[PDB]
Each structure stands twice: as structure tokens, then as C-alpha cells.
>>> print(open('upload.tsv').read())   # TSV, C-alpha atoms
chain	number	residue	atom	x	y	z
W	1	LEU	CA	-74.30	-226.17	-5.96
W	2	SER	CA	-77.99	-225.21	-5.85
W	3	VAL	CA	-79.31	-222.84	-8.52
W	4	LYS	CA	-80.72	-219.71	-6.84
W	5	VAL	CA	-80.38	-217.18	-9.73
W	6	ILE	CA	-80.62	-217.36	-13.54
W	7	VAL	CA	-79.17	-214.37	-15.38
W	8	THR	CA	-79.48	-213.85	-19.12
W	9	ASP	CA	-78.31	-211.35	-21.68
W	10	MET	CA	-80.89	-210.25	-24.26
W	11	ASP	CA	-79.58	-209.67	-27.79
W	12	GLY	CA	-78.16	-212.88	-29.28
W	13	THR	CA	-79.13	-214.79	-26.10
W	14	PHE	CA	-82.73	-214.67	-24.78
W	15	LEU	CA	-83.84	-213.05	-28.04
W	16	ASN	CA	-83.71	-214.67	-31.44
W	17	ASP	CA	-82.62	-212.77	-34.59
W	18	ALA	CA	-86.21	-211.51	-34.98
W	19	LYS	CA	-85.85	-210.00	-31.48
W	20	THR	CA	-88.53	-212.21	-30.00
W	21	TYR	CA	-88.81	-215.26	-27.72
W	22	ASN	CA	-91.29	-218.03	-26.83
W	23	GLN	CA	-93.43	-216.08	-24.35
W	24	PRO	CA	-95.86	-218.91	-23.43
W	25	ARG	CA	-93.02	-221.39	-22.83
W	26	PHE	CA	-91.02	-218.90	-20.73
W	27	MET	CA	-94.11	-217.93	-18.69
W	28	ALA	CA	-94.79	-221.56	-17.70
W	29	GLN	CA	-91.05	-221.93	-16.96
W	30	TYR	CA	-91.01	-218.77	-14.82
W	31	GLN	CA	-94.09	-219.96	-12.88
W	32	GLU	CA	-92.06	-223.07	-12.02
W	33	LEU	CA	-88.89	-221.07	-11.12
W	34	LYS	CA	-90.94	-218.94	-8.72
W	35	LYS	CA	-92.27	-222.10	-6.98
W	36	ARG	CA	-88.65	-223.11	-6.36
W	37	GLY	CA	-87.66	-219.58	-5.27
W	38	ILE	CA	-85.18	-219.11	-8.15
W	39	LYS	CA	-84.62	-215.46	-9.18
W	40	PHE	CA	-84.63	-214.54	-12.88
W	41	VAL	CA	-82.44	-211.61	-14.02
W	42	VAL	CA	-82.04	-209.83	-17.36
W	43	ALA	CA	-78.61	-208.18	-17.67
W	44	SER	CA	-77.97	-206.05	-20.78
W	45	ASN	CA	-76.36	-202.89	-22.23
W	46	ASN	CA	-79.89	-201.90	-23.33
W	47	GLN	CA	-82.05	-199.11	-21.85
W	48	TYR	CA	-84.27	-200.09	-18.93
W	49	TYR	CA	-87.41	-199.16	-20.87
W	50	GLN	CA	-86.31	-201.27	-23.82
W	51	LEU	CA	-85.80	-204.30	-21.54
W	52	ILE	CA	-89.15	-204.11	-19.69
W	53	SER	CA	-91.20	-203.84	-22.92
W	54	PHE	CA	-90.38	-207.50	-23.47
W	55	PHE	CA	-91.76	-208.43	-20.01
W	56	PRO	CA	-95.05	-206.49	-19.53
W	57	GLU	CA	-96.42	-209.22	-17.23
W	58	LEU	CA	-93.20	-209.83	-15.27
W	59	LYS	CA	-91.46	-206.45	-15.06
W	60	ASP	CA	-92.25	-205.93	-11.35
W	61	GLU	CA	-91.42	-209.53	-10.56
W	62	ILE	CA	-88.07	-210.29	-12.21
W	63	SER	CA	-84.91	-208.18	-11.89
W	64	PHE	CA	-83.00	-205.99	-14.33
W	65	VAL	CA	-79.37	-204.97	-14.75
W	66	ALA	CA	-79.79	-202.25	-17.37
W	67	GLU	CA	-77.42	-199.82	-19.12
W	68	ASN	CA	-74.45	-202.15	-18.41
W	69	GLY	CA	-74.89	-201.81	-14.62
W	70	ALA	CA	-75.72	-198.10	-14.43
W	71	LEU	CA	-79.33	-199.11	-13.58
W	72	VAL	CA	-80.41	-201.99	-11.33
W	73	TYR	CA	-84.04	-202.93	-10.59
W	74	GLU	CA	-85.35	-205.58	-8.21
W	75	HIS	CA	-89.10	-206.19	-7.71
W	76	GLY	CA	-89.91	-203.23	-9.93
W	77	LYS	CA	-87.98	-200.84	-7.67
W	78	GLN	CA	-84.65	-199.14	-8.43
W	79	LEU	CA	-81.99	-200.79	-6.22
W	80	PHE	CA	-78.96	-199.05	-7.72
W	81	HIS	CA	-78.16	-196.18	-10.05
W	82	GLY	CA	-74.99	-194.50	-11.27
W	83	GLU	CA	-74.86	-190.70	-11.21
W	84	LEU	CA	-72.65	-187.72	-11.91
W	85	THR	CA	-72.42	-184.76	-9.54
W	86	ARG	CA	-73.74	-181.30	-10.52
W	87	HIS	CA	-70.03	-180.50	-10.96
W	88	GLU	CA	-69.28	-183.38	-13.35
W	89	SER	CA	-72.37	-182.79	-15.53
W	90	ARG	CA	-71.27	-179.14	-15.84
W	91	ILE	CA	-67.75	-180.21	-16.94
W	92	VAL	CA	-69.06	-182.79	-19.44
W	93	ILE	CA	-71.53	-180.40	-21.10
W	94	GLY	CA	-68.85	-177.68	-21.36
W	95	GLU	CA	-66.76	-180.05	-23.48
W	96	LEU	CA	-69.72	-181.06	-25.64
W	97	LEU	CA	-70.42	-177.36	-26.32
W	98	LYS	CA	-67.37	-177.25	-28.65
W	103	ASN	CA	-75.93	-182.83	-30.95
W	104	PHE	CA	-76.52	-184.71	-27.68
W	105	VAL	CA	-78.99	-186.33	-25.29
W	106	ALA	CA	-78.35	-186.55	-21.52
W	107	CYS	CA	-79.78	-189.59	-19.70
W	108	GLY	CA	-81.28	-189.05	-16.24
W	109	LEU	CA	-83.28	-191.17	-13.78
W	110	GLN	CA	-86.68	-189.70	-14.68
W	111	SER	CA	-86.19	-188.71	-18.32
W	112	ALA	CA	-83.75	-188.24	-21.14
W	113	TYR	CA	-82.94	-184.56	-21.88
W	114	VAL	CA	-82.02	-182.49	-24.93
W	115	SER	CA	-81.34	-178.76	-25.49
W	116	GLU	CA	-84.41	-176.77	-26.58
W	117	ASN	CA	-82.14	-175.05	-29.15
W	118	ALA	CA	-80.93	-178.38	-30.66
W	119	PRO	CA	-81.92	-179.01	-34.34
W	120	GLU	CA	-85.63	-179.88	-34.54
W	121	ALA	CA	-85.02	-182.86	-36.86
W	122	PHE	CA	-82.57	-184.33	-34.31
W	123	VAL	CA	-85.00	-183.73	-31.40
W	124	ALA	CA	-87.79	-185.47	-33.42
W	125	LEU	CA	-85.55	-188.49	-34.12
W	126	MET	CA	-84.35	-188.83	-30.52
W	127	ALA	CA	-87.96	-188.71	-29.29
W	128	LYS	CA	-88.37	-192.13	-30.95
W	129	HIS	CA	-85.38	-193.69	-29.12
W	130	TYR	CA	-86.22	-192.78	-25.51
W	131	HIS	CA	-89.40	-193.41	-23.50
W	132	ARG	CA	-89.40	-189.78	-22.38
W	133	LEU	CA	-87.44	-186.89	-23.87
W	134	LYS	CA	-87.69	-183.42	-22.36
W	135	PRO	CA	-86.49	-180.26	-24.15
W	136	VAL	CA	-84.71	-178.06	-21.56
W	137	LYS	CA	-83.39	-174.47	-21.53
W	138	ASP	CA	-80.53	-175.09	-19.09
W	139	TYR	CA	-78.85	-178.33	-17.99
W	140	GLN	CA	-77.85	-176.86	-14.61
W	141	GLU	CA	-81.54	-176.11	-13.94
W	142	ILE	CA	-83.00	-179.64	-14.28
W	143	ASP	CA	-83.82	-181.61	-11.15
W	144	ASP	CA	-82.44	-185.03	-12.07
W	145	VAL	CA	-79.07	-186.74	-11.96
W	146	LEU	CA	-77.33	-188.00	-15.10
W	147	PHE	CA	-75.62	-191.38	-15.78
W	148	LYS	CA	-75.03	-191.31	-19.56
W	149	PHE	CA	-74.67	-189.05	-22.62
W	150	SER	CA	-75.31	-189.98	-26.24
W	151	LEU	CA	-73.66	-187.84	-28.92
W	152	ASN	CA	-74.59	-187.64	-32.62
W	153	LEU	CA	-72.01	-186.32	-35.15
W	154	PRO	CA	-70.50	-187.10	-38.60
W	155	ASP	CA	-68.72	-190.42	-38.21
W	156	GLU	CA	-65.43	-189.08	-39.66
W	157	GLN	CA	-65.15	-186.80	-36.63
W	158	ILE	CA	-65.56	-189.70	-34.16
W	159	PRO	CA	-61.91	-190.90	-33.78
W	160	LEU	CA	-60.65	-187.37	-32.98
W	161	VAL	CA	-63.60	-186.50	-30.68
W	162	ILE	CA	-63.05	-189.81	-28.76
W	163	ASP	CA	-59.36	-188.95	-28.26
W	164	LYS	CA	-60.26	-185.43	-27.13
W	165	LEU	CA	-63.03	-186.50	-24.73
W	166	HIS	CA	-60.94	-189.42	-23.35
W	167	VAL	CA	-58.29	-187.11	-21.88
W	168	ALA	CA	-60.63	-184.17	-21.12
W	169	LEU	CA	-63.21	-186.27	-19.24
W	170	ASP	CA	-60.75	-188.69	-17.66
W	171	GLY	CA	-62.04	-190.06	-14.35
W	172	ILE	CA	-65.50	-188.63	-14.97
W	173	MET	CA	-66.65	-190.46	-18.09
W	174	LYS	CA	-65.37	-192.74	-20.84
W	175	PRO	CA	-66.26	-192.17	-24.54
W	176	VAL	CA	-67.16	-195.33	-26.45
W	177	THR	CA	-68.40	-195.79	-30.02
W	178	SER	CA	-72.02	-196.82	-30.41
W	179	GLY	CA	-73.92	-196.79	-33.72
W	180	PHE	CA	-73.14	-195.01	-36.96
W	181	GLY	CA	-72.40	-191.46	-36.03
W	182	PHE	CA	-72.83	-191.98	-32.29
W	183	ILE	CA	-70.59	-191.82	-29.23
W	184	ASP	CA	-71.73	-192.82	-25.72
W	185	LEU	CA	-70.28	-191.21	-22.63
W	186	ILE	CA	-70.48	-193.77	-19.81
W	187	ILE	CA	-69.50	-193.86	-16.09
W	188	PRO	CA	-66.21	-196.00	-16.29
W	189	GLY	CA	-66.49	-198.58	-13.38
W	190	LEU	CA	-70.10	-199.64	-13.91
W	191	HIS	CA	-70.42	-203.01	-15.58
W	192	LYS	CA	-73.02	-205.75	-16.12
W	193	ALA	CA	-71.19	-208.13	-13.76
W	194	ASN	CA	-70.94	-205.72	-10.82
W	195	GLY	CA	-74.62	-204.82	-11.35
W	196	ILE	CA	-75.45	-208.52	-10.90
W	197	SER	CA	-73.23	-208.63	-7.78
W	198	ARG	CA	-75.36	-205.85	-6.24
W	199	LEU	CA	-78.41	-208.11	-6.58
W	200	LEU	CA	-76.52	-211.14	-5.15
W	201	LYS	CA	-75.44	-209.07	-2.11
W	202	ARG	CA	-79.05	-207.90	-1.54
W	203	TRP	CA	-80.24	-211.53	-1.68
W	204	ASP	CA	-77.30	-212.85	0.37
W	205	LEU	CA	-76.39	-215.20	-2.54
W	206	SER	CA	-73.07	-216.27	-4.03
W	207	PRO	CA	-71.89	-216.53	-7.69
W	208	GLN	CA	-71.76	-220.27	-6.86
W	209	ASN	CA	-75.60	-220.27	-6.96
W	210	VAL	CA	-75.72	-218.55	-10.33
W	211	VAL	CA	-76.58	-219.69	-13.83
W	212	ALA	CA	-75.41	-217.10	-16.42
W	213	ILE	CA	-76.30	-217.28	-20.12
W	214	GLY	CA	-74.59	-215.17	-22.77
W	215	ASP	CA	-73.20	-214.92	-26.31
W	216	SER	CA	-71.39	-211.62	-26.94
W	217	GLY	CA	-68.09	-210.07	-25.93
W	218	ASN	CA	-69.64	-207.96	-23.18
W	219	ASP	CA	-70.95	-211.16	-21.55
W	220	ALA	CA	-67.39	-212.39	-20.78
W	221	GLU	CA	-67.26	-211.06	-17.20
W	222	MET	CA	-70.68	-212.34	-16.16
W	223	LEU	CA	-69.87	-215.74	-17.63
W	224	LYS	CA	-66.49	-215.91	-15.82
W	225	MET	CA	-68.23	-214.99	-12.57
W	226	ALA	CA	-71.04	-217.55	-12.52
W	227	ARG	CA	-70.58	-221.17	-11.44
W	228	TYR	CA	-73.01	-222.45	-14.11
W	229	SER	CA	-71.97	-220.43	-17.13
W	230	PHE	CA	-73.56	-221.11	-20.54
W	231	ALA	CA	-72.56	-219.87	-23.97
W	232	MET	CA	-75.25	-219.81	-26.69
W	233	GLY	CA	-74.56	-221.96	-29.83
W	234	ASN	CA	-74.09	-218.76	-31.85
W	235	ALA	CA	-71.44	-217.39	-29.45
W	236	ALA	CA	-67.94	-216.66	-30.73
W	237	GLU	CA	-65.39	-219.32	-29.74
W	238	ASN	CA	-63.75	-217.00	-27.17
W	239	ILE	CA	-67.07	-216.78	-25.26
W	240	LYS	CA	-67.60	-220.56	-25.64
W	241	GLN	CA	-64.11	-221.00	-24.10
W	242	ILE	CA	-64.95	-218.78	-21.11
W	243	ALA	CA	-68.32	-220.42	-20.38
W	244	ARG	CA	-68.17	-223.89	-18.78
W	245	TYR	CA	-71.23	-225.19	-20.66
W	246	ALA	CA	-73.01	-224.92	-24.01
W	247	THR	CA	-76.61	-224.65	-25.26
W	248	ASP	CA	-78.40	-224.34	-28.62
W	249	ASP	CA	-78.32	-221.07	-30.52
W	250	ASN	CA	-80.56	-218.05	-29.99
W	251	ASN	CA	-82.87	-218.98	-32.90
W	252	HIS	CA	-83.57	-222.36	-31.25
W	253	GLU	CA	-84.56	-221.28	-27.72
W	254	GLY	CA	-81.07	-221.98	-26.32
W	255	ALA	CA	-81.58	-219.83	-23.19
W	256	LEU	CA	-84.96	-221.42	-22.51
W	257	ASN	CA	-83.29	-224.87	-22.87
W	258	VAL	CA	-80.85	-223.88	-20.05
W	259	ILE	CA	-83.82	-222.90	-17.85
W	260	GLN	CA	-85.32	-226.28	-18.77
W	261	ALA	CA	-82.18	-228.07	-17.55
W	262	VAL	CA	-82.47	-226.26	-14.19
W	263	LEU	CA	-86.17	-227.31	-13.95
W	264	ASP	CA	-85.41	-230.91	-15.00
W	265	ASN	CA	-82.43	-231.08	-12.56
W	266	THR	CA	-80.42	-232.60	-15.40
W	267	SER	CA	-76.69	-232.14	-16.06
W	268	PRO	CA	-74.87	-230.04	-14.93
W	269	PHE	CA	-77.56	-229.54	-12.23
W	270	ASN	CA	-77.85	-233.20	-11.22
>>> encode(input="upload.tsv", output="C-alpha cells")
Amino acid sequence: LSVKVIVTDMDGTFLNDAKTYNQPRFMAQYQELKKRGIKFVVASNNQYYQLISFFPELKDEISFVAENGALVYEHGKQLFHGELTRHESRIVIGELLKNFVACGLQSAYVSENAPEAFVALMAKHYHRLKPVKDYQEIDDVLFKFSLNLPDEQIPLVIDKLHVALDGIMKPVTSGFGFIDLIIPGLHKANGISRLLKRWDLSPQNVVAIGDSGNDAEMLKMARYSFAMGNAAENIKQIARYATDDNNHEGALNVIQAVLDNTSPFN
């Protein structure tokens, strides 16, 4: 019944619509959570480097479930990562060679022959982007591909890649003109579970805070599950408890309830 972990999604949850949060209030709150030995976790679809930019003073202290569970960090150190074999990366790239970025542990990668305009645009989206001559030559392992193409081609390319890369990777739509290739069995919720196992804690000790469809599993999992006021009704139905919306510090108010030991933590 004791709160030992607070986990939050970012977009639509810990962040307002302006993609910011009350940093001074959260700092003071975190100082207090640390005194009580309560872990704070950010769990999101977002890139690890996009998550930690929000926490420059806490990034080696709090924990991250990034890239929907393909990357897990605890005390500033990588605890878990997904990866493809040299074999599977070869297979994937073969199929793509019929513009893309490959995501590795140390860098993102693009072909040196890829259109220069595309390479310049990608450079803005990744913390590090390395032009490479050969994908079988790079010393990294890969967990994700991002593909850019005319959006009209997307439904057919998804169908093609779904069968062709079955059991290796799953194609999903991302933004306008983009497809992600993701490792199929890696999810936000099982990324969180990896942290719980490391800490010898149970989902019964967990506060989870979310708003969006991809928060459903994490919310089902946690004993103290909270849907943001802006959450769709289906998410509000899954979560046991409610809080104010993301433009009114709703996630911080949950943390406040834990600190106050008020309901449902009383």
C-alpha cells in the first residue's frame, strides 16, 4: 500500500500543451520524494535525448523508460536496451533498399549517399547523426528504424514490411510521411517492470500517471493509477483515480497527494 515509485508519461501528462512544466515546484517535490526514498520515473515513446533535456539537473538521478521500452536508464546508466542481430539488421536494410535513419545505442545513422536535404533535416531530430558508407561496417547495435516517404505509399509499404519483416520488426505509422520499424515485444509497461525487478518492488507500490492510448498498459498495471483530466474516457475508465488536466499541473498534484499522504494514499 506504500508508494515506492511514481511513473509519469510526458506528452499530455507531465507536460502542458506548451511542452513545459513547473520546474521549481517539481524540484522541491522531488527533493521531498528523495527524502522518503520514492523513485521517480519518466516513461514515454520519446527518444532518450528528448526526455533528458527536460531534466538537466535530475537526469542521473531519476529513471527513464524511453523509446516505448527499447531503452531503460536508472541512475544515469543504461539498464536495458533492445537490439537486432547483425543478421536482422542486414535483412531489414535489404527490404528498405527497394530514405531512412537507423537508431543505435551510440548514435543514429544514415547512408552517406542519402539525399543531402534529408540528411540535413534528420540532423535536427537526433542528438547525433553519423553518415556511414556501409551499415554492416558500423560498430553499434540497432533498435529502431525511421523511414521517410510520400504518405500515399505508406499503406502499401506497411503491408509489405509487415509480412517481410515478421518476427524481426513491426512497421507502425508515425508522422506525416514517416514509418517507424520497432522491435515488437518491447513496451512502456515491461520497461517499467525491468526497473521494479531491479529495485525488488511490486506494481502494488506504484503510482502511474497517464493520458493517452499508449498509457493503457502502465495504468492497468499500477495499483495507484491516475488519468489526467484531459484523458479520453477510455483511459479514465482504466485508471482508478483522476487528477486535473495537463495545463493545470495535474501530474504534480498527484505527486502532491503522495507527499501529503491524502486520499487514496491515506
>>> atom_distance(input="upload.tsv", atom1="CA of residue 243 (chain W)", atom2="CA of residue 46 (chain W)")
22.0 Å
>>> atom_distance(input="upload.tsv", atom1="CA of residue 72 (chain W)", atom2="CA of residue 39 (chain W)")
14.3 Å
>>> closest_residue(input="upload.tsv", among="W:49, W:36, W:56, W:185", to="residue 129 (chain W)", atoms="all atoms listed in the file")
W:49
>>> atom_distance(input="upload.tsv", atom1="CA of residue 222 (chain W)", atom2="CA of residue 81 (chain W)")
18.8 Å
>>> closest_residue(input="upload.tsv", among="W:80, W:54, W:73, W:48", to="residue 190 (chain W)", atoms="only C-alpha atoms")
W:80
>>> residues_around(input="upload.tsv", residues="region 9-16 of chain W", least_positions_apart="6", cutoff="10 Å", atoms="all atoms listed in the file", output="NGL selection string")
:W and (22 or 41-46 or 51 or 54 or 65 or 192 or 212-216 or 218-219 or 222 or 231-235 or 248-256)
>>> residues_around(input="upload.tsv", residues="residue 38 (chain W)", least_positions_apart="2", cutoff="7 Å", atoms="all atoms listed in the file", output="ChimeraX atom specification")
/W:3-5,33-34,36,40
>>> write_last_selection(input="upload.tsv", atoms="C-alpha atoms", output="PDB file, keeping the file's coordinate frame")
ATOM      1  CA  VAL W   3     -79.310-222.840  -8.520  1.00  0.00           C
ATOM      2  CA  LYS W   4     -80.720-219.710  -6.840  1.00  0.00           C
ATOM      3  CA  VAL W   5     -80.380-217.180  -9.730  1.00  0.00           C
ATOM      4  CA  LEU W  33     -88.890-221.070 -11.120  1.00  0.00           C
ATOM      5  CA  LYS W  34     -90.940-218.940  -8.720  1.00  0.00           C
ATOM      6  CA  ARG W  36     -88.650-223.110  -6.360  1.00  0.00           C
ATOM      7  CA  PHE W  40     -84.630-214.540 -12.880  1.00  0.00           C
TER       8      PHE W  40
END
>>> closest_residue(input="upload.tsv", among="W:207, W:268, W:108, W:189", to="residue 230 (chain W)", atoms="only C-alpha atoms")
W:268
>>> residues_around(input="upload.tsv", residues="residue 74 (chain W)", least_positions_apart="5", cutoff="9 Å", atoms="all atoms listed in the file", output="PyMOL selection string")
chain W and resi 41+60-65+79+199
>>> closest_residue(input="upload.tsv", among="W:6, W:178, W:47, W:137", to="residue 29 (chain W)", atoms="only C-alpha atoms")
W:6
>>> axis_aligned_box(input="upload.tsv", around="region 154-164 of chain W", padding_each_side="6 Å", output="lines of an AutoDock Vina configuration file")
center_x = -64.9
center_y = -188.2
center_z = -33.4
size_x = 23.1
size_y = 17.5
size_z = 24.5
>>> residues_around(input="upload.tsv", residues="residue 90 (chain W)", least_positions_apart="2", cutoff="12 Å", atoms="only C-alpha atoms", output="tab-separated table (two decimals) with C-alpha atoms, in the frame of the given file")
chain	number	residue	atom	x	y	z
W	84	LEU	CA	-72.65	-187.72	-11.91
W	85	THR	CA	-72.42	-184.76	-9.54
W	86	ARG	CA	-73.74	-181.30	-10.52
W	87	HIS	CA	-70.03	-180.50	-10.96
W	88	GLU	CA	-69.28	-183.38	-13.35
W	92	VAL	CA	-69.06	-182.79	-19.44
W	93	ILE	CA	-71.53	-180.40	-21.10
W	94	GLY	CA	-68.85	-177.68	-21.36
W	95	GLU	CA	-66.76	-180.05	-23.48
W	96	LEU	CA	-69.72	-181.06	-25.64
W	97	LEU	CA	-70.42	-177.36	-26.32
W	106	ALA	CA	-78.35	-186.55	-21.52
W	138	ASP	CA	-80.53	-175.09	-19.09
W	139	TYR	CA	-78.85	-178.33	-17.99
W	140	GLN	CA	-77.85	-176.86	-14.61
W	141	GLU	CA	-81.54	-176.11	-13.94
W	142	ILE	CA	-83.00	-179.64	-14.28
W	145	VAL	CA	-79.07	-186.74	-11.96
W	146	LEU	CA	-77.33	-188.00	-15.10
W	169	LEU	CA	-63.21	-186.27	-19.24
W	172	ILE	CA	-65.50	-188.63	-14.97
>>> closest_residue(input="upload.tsv", among="W:103, W:194, W:23, W:110", to="residue 132 (chain W)", atoms="only C-alpha atoms")
W:110
>>> closest_residue(input="upload.tsv", among="W:30, W:122, W:203, W:245", to="residue 267 (chain W)", atoms="all atoms listed in the file")
W:245
